[PDB]
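Trainee: Input structure: run_0.cif, which contains mmCIF, C-alpha atoms (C1' of nucleotides).
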data_start
#
loop_
_atom_site.group_PDB
_atom_site.id
_atom_site.type_symbol
_atom_site.label_atom_id
_atom_site.label_comp_id
_atom_site.auth_asym_id
_atom_site.auth_seq_id
_atom_site.Cartn_x
_atom_site.Cartn_y
_atom_site.Cartn_z
ATOM 1 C CA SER A 161 240.764 17.553 186.771
ATOM 2 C CA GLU A 162 239.247 21.129 186.569
ATOM 3 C CA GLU A 163 242.568 22.800 185.467
ATOM 4 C CA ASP A 164 242.933 21.060 182.022
ATOM 5 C CA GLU A 165 242.980 22.821 178.586
ATOM 6 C CA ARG A 166 239.304 23.790 177.904
ATOM 7 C CA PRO A 167 238.791 25.675 174.556
ATOM 8 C CA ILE A 168 236.714 28.903 174.228
ATOM 9 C CA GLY A 169 233.589 26.817 173.365
ATOM 10 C CA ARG A 170 234.031 23.700 175.651
ATOM 11 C CA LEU A 171 230.977 23.932 177.963
ATOM 12 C CA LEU A 172 231.177 22.140 181.361
ATOM 13 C CA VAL A 173 228.632 20.127 183.468
ATOM 14 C CA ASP A 174 228.338 18.062 186.713
ATOM 15 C CA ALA A 175 228.018 14.219 187.069
ATOM 16 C CA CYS A 176 224.531 13.944 185.394
ATOM 17 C CA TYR A 177 224.691 10.118 185.034
ATOM 18 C CA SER A 178 221.115 9.018 186.102
ATOM 19 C CA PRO A 179 217.703 10.227 184.649
ATOM 20 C CA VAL A 180 215.148 9.375 187.475
ATOM 21 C CA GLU A 181 212.322 11.992 187.947
ATOM 22 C CA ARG A 182 210.443 10.819 191.114
ATOM 23 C CA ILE A 183 210.980 8.565 194.100
ATOM 24 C CA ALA A 184 208.065 8.439 196.588
ATOM 25 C CA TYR A 185 207.407 6.401 199.863
ATOM 26 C CA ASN A 186 204.411 4.782 201.639
ATOM 27 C CA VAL A 187 203.939 1.870 204.175
ATOM 28 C CA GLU A 188 200.866 -0.459 204.433
ATOM 29 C CA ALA A 189 200.277 -4.267 204.993
ATOM 30 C CA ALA A 190 202.211 -7.096 203.229
ATOM 31 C CA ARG A 191 200.563 -9.495 200.683
ATOM 32 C CA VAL A 192 201.923 -12.575 202.592
ATOM 33 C CA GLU A 193 198.532 -14.265 202.902
ATOM 34 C CA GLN A 194 198.987 -15.840 206.412
ATOM 35 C CA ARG A 195 202.147 -14.128 207.944
ATOM 36 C CA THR A 196 200.133 -10.903 208.410
ATOM 37 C CA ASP A 197 201.423 -9.057 211.567
ATOM 38 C CA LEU A 198 204.010 -7.600 209.105
ATOM 39 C CA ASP A 199 204.271 -4.521 206.799
ATOM 40 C CA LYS A 200 205.549 -3.603 203.303
ATOM 41 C CA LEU A 201 207.640 -0.701 202.087
ATOM 42 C CA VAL A 202 206.283 1.071 198.924
ATOM 43 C CA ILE A 203 208.425 3.593 196.881
ATOM 44 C CA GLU A 204 206.562 4.536 193.560
ATOM 45 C CA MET A 205 209.733 5.488 191.536
ATOM 46 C CA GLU A 206 209.415 7.241 188.077
ATOM 47 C CA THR A 207 211.960 8.098 185.300
ATOM 48 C CA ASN A 208 212.050 9.474 181.671
ATOM 49 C CA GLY A 209 212.475 6.063 180.034
ATOM 50 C CA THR A 210 216.094 4.543 180.060
ATOM 51 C CA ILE A 211 215.189 2.280 182.986
ATOM 52 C CA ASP A 212 211.887 1.240 184.467
ATOM 53 C "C1'" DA B 1 134.940 68.450 220.882
ATOM 54 C "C1'" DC B 2 138.660 66.263 219.928
ATOM 55 C "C1'" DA B 3 143.531 65.780 218.248
ATOM 56 C "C1'" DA B 4 148.497 64.823 218.823
ATOM 57 C "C1'" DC B 5 152.030 67.210 220.439
ATOM 58 C "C1'" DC B 6 155.838 69.195 224.141
ATOM 59 C "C1'" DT B 7 158.308 67.034 227.984
ATOM 60 C "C1'" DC B 8 160.821 63.462 230.770
ATOM 61 C "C1'" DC B 9 156.979 59.213 233.394
ATOM 62 C "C1'" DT B 10 157.672 53.940 233.879
ATOM 63 C "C1'" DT B 11 157.108 49.900 231.892
ATOM 64 C "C1'" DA B 12 159.616 45.688 229.982
ATOM 65 C "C1'" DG B 13 161.102 42.953 225.734
ATOM 66 C "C1'" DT B 14 165.305 40.743 224.136
ATOM 67 C "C1'" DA B 15 170.813 39.611 224.961
ATOM 68 C "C1'" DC B 16 174.902 34.321 219.231
ATOM 69 C "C1'" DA B 17 177.543 29.213 219.213
ATOM 70 C "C1'" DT B 18 179.943 24.221 219.996
ATOM 71 C "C1'" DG B 19 182.058 21.336 224.052
ATOM 72 C "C1'" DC B 20 184.198 19.165 228.701
ATOM 73 C "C1'" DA B 21 184.629 18.740 233.834
ATOM 74 C "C1'" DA B 22 181.555 17.749 239.078
ATOM 75 C "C1'" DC B 23 179.792 16.341 243.972
ATOM 76 C "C1'" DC B 24 174.374 16.148 245.441
ATOM 77 C "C1'" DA B 25 173.364 18.943 251.237
ATOM 78 C "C1'" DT B 26 169.396 22.444 254.097
ATOM 79 C "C1'" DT B 27 164.549 22.725 257.585
ATOM 80 C "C1'" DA B 28 161.724 21.217 262.193
ATOM 81 C "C1'" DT B 29 157.204 20.480 263.219
ATOM 82 C "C1'" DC B 30 154.862 18.283 270.613
ATOM 83 C "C1'" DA B 31 151.917 13.384 266.534
ATOM 84 C "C1'" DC B 32 151.288 13.507 270.759
ATOM 85 C "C1'" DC B 33 148.450 8.278 272.507
ATOM 86 C "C1'" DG B 34 144.152 6.534 272.649
ATOM 87 C "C1'" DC B 35 141.634 2.544 270.531
ATOM 88 C "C1'" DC B 36 141.442 -2.075 268.304
ATOM 89 C "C1'" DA B 37 142.195 -4.355 264.286
ATOM 90 C "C1'" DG B 38 141.882 -8.976 262.003
ATOM 91 C "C1'" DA B 39 146.431 -9.417 263.656
ATOM 92 C "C1'" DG B 40 150.576 -10.583 266.132
ATOM 93 C "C1'" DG B 41 152.011 -14.367 268.828
ATOM 94 C "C1'" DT B 42 152.283 -19.456 269.750
ATOM 95 C "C1'" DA B 43 150.232 -23.583 271.293
ATOM 96 C "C1'" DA B 44 148.672 -27.906 269.525
ATOM 97 C "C1'" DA B 45 147.859 -30.850 264.354
ATOM 98 C "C1'" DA B 46 147.459 -30.085 259.717
ATOM 99 C "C1'" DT B 47 150.926 -30.236 255.087
ATOM 100 C "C1'" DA B 48 153.337 -34.238 255.990
ATOM 101 C "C1'" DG B 49 159.246 -33.740 257.732
ATOM 102 C "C1'" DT B 50 163.386 -33.785 259.939
ATOM 103 C "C1'" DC B 51 168.126 -36.265 260.510
ATOM 104 C "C1'" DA B 52 169.837 -39.515 263.696
ATOM 105 C "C1'" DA B 53 170.078 -44.346 264.193
ATOM 106 C "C1'" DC B 54 171.781 -48.634 261.970
ATOM 107 C "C1'" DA B 55 172.164 -50.171 258.316
ATOM 108 C "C1'" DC B 56 173.006 -49.837 253.431
ATOM 109 C "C1'" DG B 57 175.981 -49.277 249.186
ATOM 110 C "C1'" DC B 58 178.804 -46.748 246.170
ATOM 111 C "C1'" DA B 59 182.179 -43.300 244.094
ATOM 112 C "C1'" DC B 60 186.148 -41.304 244.057
ATOM 113 C "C1'" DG B 61 190.806 -40.502 244.589
ATOM 114 C "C1'" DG B 62 195.502 -41.770 245.759
ATOM 115 C "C1'" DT B 63 198.817 -44.970 245.816
ATOM 116 C "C1'" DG B 64 200.919 -48.116 243.049
ATOM 117 C "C1'" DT B 65 202.349 -50.126 238.469
ATOM 118 C "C1'" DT B 66 202.295 -49.896 233.922
ATOM 119 C "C1'" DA B 67 202.308 -47.677 229.376
ATOM 120 C "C1'" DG B 68 203.989 -44.749 225.678
ATOM 121 C "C1'" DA B 69 205.107 -40.567 224.508
ATOM 122 C "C1'" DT B 70 208.127 -37.028 223.950
ATOM 123 C "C1'" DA B 71 212.406 -34.429 223.918
ATOM 124 C "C1'" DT B 72 216.423 -35.320 223.766
ATOM 125 C "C1'" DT B 73 220.420 -37.093 221.401
ATOM 126 C "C1'" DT B 74 222.398 -38.478 217.072
ATOM 127 C "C1'" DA B 75 222.985 -38.098 211.896
ATOM 128 C "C1'" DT B 76 221.381 -37.716 207.775
ATOM 129 C "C1'" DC B 77 219.406 -34.833 203.850
ATOM 130 C "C1'" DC B 78 218.029 -30.764 201.027
ATOM 131 C "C1'" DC B 79 217.504 -26.099 200.146
ATOM 132 C "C1'" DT B 80 219.869 -22.385 200.349
ATOM 133 C "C1'" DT B 81 223.769 -19.115 200.048
ATOM 134 C "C1'" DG B 82 227.020 -16.276 197.675
ATOM 135 C "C1'" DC B 83 229.751 -15.554 193.698
ATOM 136 C "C1'" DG B 84 230.328 -15.824 188.899
ATOM 137 C "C1'" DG B 85 229.672 -16.241 183.777
ATOM 138 C "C1'" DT B 86 227.447 -14.222 180.597
ATOM 139 C "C1'" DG B 87 222.517 -13.961 179.992
ATOM 140 C "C1'" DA B 88 217.758 -11.433 175.176
ATOM 141 C "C1'" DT B 89 216.618 -8.080 178.916
ATOM 142 C "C1'" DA B 90 215.007 -2.737 178.426
ATOM 143 C "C1'" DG B 91 213.053 -0.743 174.859
ATOM 144 C "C1'" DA B 92 214.485 1.438 170.151
ATOM 145 C "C1'" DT B 93 213.753 0.250 166.152
ATOM 146 C "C1'" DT B 94 211.979 -2.497 162.106
#
Show how you would write the structure in this file as structure tokens.
Mentor:
Amino acid sequence: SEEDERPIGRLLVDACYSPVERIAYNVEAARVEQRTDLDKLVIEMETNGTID
DNA sequence: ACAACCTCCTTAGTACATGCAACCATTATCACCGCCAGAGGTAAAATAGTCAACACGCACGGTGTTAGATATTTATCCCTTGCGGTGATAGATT
């Protein structure tokens, strides 16, 4: 699919299909107000709009 | 009249900062032994008592029966799963 007829002016790019700009990571205690020997994952993701 | 100066004299004033680990010995040296103190000993009687006797009298614990609880069994019920149909989201615009 890289050996098709591409005119002198048809520019070419990779599979750009997703606009996310950060994904982070932390770990601290859960909210679960009584079941409290247990942790939570945190990931602080960030984009450009298009999806929160 | 003293002044400091030439030389090697000796004296002696100091030697940066933070922290952790380890355990606490060596001496010899007559203390004599005489006296007597209150002061050690203990017999006999105060400050008072033991524990064995024969009584007294009670608590506790183990054997027995009873009680009822619990953990099992059974079976019911609901809350949940996963997929699906199609939801008004996300957010761009009005």
Trainee: Pick out the residues sitting within 7 Å of region 193-207 of chain A, and hand them over as a ChimeraX atom specification; count all atoms listed in the file, and ignore anything fewer than 5 positions along from it in its own chain.
Mentor: /A:179-188,212
Trainee: How close does each residue of chain A get to chain B, giving the shortest atom pair and distance in Å to one decimal for every residue with an atom at most 12 Å away, counting only C-alpha atoms (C1' of nucleotides), sorted by chain and residue number, as a Markdown table?
Mentor:
| residue | atom | partner | partner_atom | distance |
| --- | --- | --- | --- | --- |
| A:209 | CA | B:91 | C1' | 8.6 |
| A:210 | CA | B:90 | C1' | 7.5 |
| A:211 | CA | B:90 | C1' | 6.8 |
| A:212 | CA | B:90 | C1' | 7.9 |
Trainee: Figure out the distance between CA of residue 178 (chain A) and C1' of residue 93 (chain B), please, to one decimal in Å.
Mentor: 23.0 Å
Trainee: Between CA of residue 208 (chain A) and CA of residue 175 (chain A), measure the distance and give it in Å to one decimal.
Mentor: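 Computed distance, CA of residue 208 (chain A) to CA of residue 175 (chain A), equals 17.5 Å.
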Trainee: Once 4 Å is added on each side, what are the centre and the three edge lengths, in Å to one decimal, of the axis-aligned box enclosing the listed atoms of region 49-57 of chain B? Present them as lines of an AutoDock Vina configuration file.
Mentor:
center_x = 167.6
center_y = -42.0
center_z = 256.7
size_x = 24.7
size_y = 24.4
size_z = 23.0
Trainee: To one decimal place in Å, what is the distance between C1' of residue 87 (chain B) and CA of residue 177 (chain A)?
Mentor: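 Going from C1' of residue 87 (chain B) over to CA of residue 177 (chain A), I get 24.7 Å.
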Trainee: Got a minute to add N, CA and C atoms to region 180-198 of chain A and dump it as a CSV table (one decimal), keeping the file's coordinate frame?
Mentor:
chain,number,residue,atom,x,y,z
A,180,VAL,N,216.4,9.6,186.6
A,180,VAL,CA,215.1,9.4,187.5
A,180,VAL,C,214.5,10.7,187.9
A,181,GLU,N,213.1,10.8,187.9
A,181,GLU,CA,212.3,12.0,187.9
A,181,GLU,C,211.4,12.1,189.2
A,182,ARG,N,211.0,10.9,189.8
A,182,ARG,CA,210.4,10.8,191.1
A,182,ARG,C,211.0,9.6,191.9
A,183,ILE,N,211.0,9.7,193.2
A,183,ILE,CA,211.0,8.6,194.1
A,183,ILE,C,210.1,9.0,195.3
A,184,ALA,N,209.1,8.2,195.6
A,184,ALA,CA,208.1,8.4,196.6
A,184,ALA,C,208.4,7.7,197.9
A,185,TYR,N,207.4,7.1,198.6
A,185,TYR,CA,207.4,6.4,199.9
A,185,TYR,C,206.0,6.3,200.5
A,186,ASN,N,205.5,5.1,200.8
A,186,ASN,CA,204.4,4.8,201.6
A,186,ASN,C,204.7,3.5,202.4
A,187,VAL,N,203.9,3.1,203.4
A,187,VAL,CA,203.9,1.9,204.2
A,187,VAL,C,202.5,1.4,204.5
A,188,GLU,N,202.1,0.2,204.1
A,188,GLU,CA,200.9,-0.5,204.4
A,188,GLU,C,201.1,-2.0,204.6
A,189,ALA,N,200.1,-2.8,204.7
A,189,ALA,CA,200.3,-4.3,205.0
A,189,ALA,C,200.9,-5.1,203.8
A,190,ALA,N,201.7,-6.1,204.2
A,190,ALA,CA,202.2,-7.1,203.2
A,190,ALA,C,201.1,-7.9,202.5
A,191,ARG,N,201.4,-8.5,201.3
A,191,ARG,CA,200.6,-9.5,200.7
A,191,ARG,C,200.5,-10.8,201.5
A,192,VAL,N,201.6,-11.2,202.1
A,192,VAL,CA,201.9,-12.6,202.6
A,192,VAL,C,200.7,-13.2,203.3
A,193,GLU,N,200.0,-14.0,202.7
A,193,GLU,CA,198.5,-14.3,202.9
A,193,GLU,C,198.2,-14.9,204.3
A,194,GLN,N,199.2,-15.3,205.1
A,194,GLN,CA,199.0,-15.8,206.4
A,194,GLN,C,199.9,-15.2,207.5
A,195,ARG,N,201.1,-14.8,207.1
A,195,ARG,CA,202.1,-14.1,207.9
A,195,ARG,C,201.9,-12.6,208.0
A,196,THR,N,200.8,-12.2,208.7
A,196,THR,CA,200.1,-10.9,208.4
A,196,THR,C,200.2,-9.8,209.5
A,197,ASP,N,201.0,-10.1,210.6
A,197,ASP,CA,201.4,-9.1,211.6
A,197,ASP,C,202.5,-8.1,211.1
A,198,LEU,N,202.8,-8.1,209.7
A,198,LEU,CA,204.0,-7.6,209.1
A,198,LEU,C,203.7,-6.6,208.0
